[PDB]
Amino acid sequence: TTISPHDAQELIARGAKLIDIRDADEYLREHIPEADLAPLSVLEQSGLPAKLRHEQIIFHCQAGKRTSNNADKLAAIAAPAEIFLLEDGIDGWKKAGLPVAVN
């Protein structure tokens, strides 16, 4: 299931984890302040660490593609949470007028 940036904000205000699945170099250039970084490759190797588990988990990447294309991987990695994909990624978040942190 996809979630709008504004609806994601409301879930994050209730404790939902926002997980950035991009690489560290991408994150460092520009990220969502509320997000926790966990590159997809690392998640595929060692799983989601306990500190990033919650009842509600929202994954995001750049523009919606890596989340859409790895939907089954992400559904398993965060199971048994309620899982969302941020619609249009950080690009969508920016287009919605929500804050980002730029290097």
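Sequential numbering from 1, following the sequence displayed.
A.B. asks: Pick between 69-77 and 31-39: the one whose mean CA B-factor in the entry is higher.
C.D. replies: Result: 69-77.
A.B. asks: 41-49 versus 60-68: which one carries the higher mean Cα B factor per the record?
C.D. replies: Higher mean C-alpha B-factor in the PDB entry: 60-68.
A.B. asks: Among the modelled residues of this chain, does the Cα B factor of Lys95 put it in the lowest, middle or highest third?
C.D. replies: Ranked within chain, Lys95 CA B lands in the highest tercile.
A.B. asks: Among the chain's modelled residues, which third holds the C-alpha B-factor of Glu87?
C.D. replies: Highest third.
A.B. asks: Using the temperature factors of the C-alpha atoms in this entry, rank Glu10 within its chain: lowest, middle or highest third.
C.D. replies: Answer is highest: the recorded C-alpha B-factor places it there.
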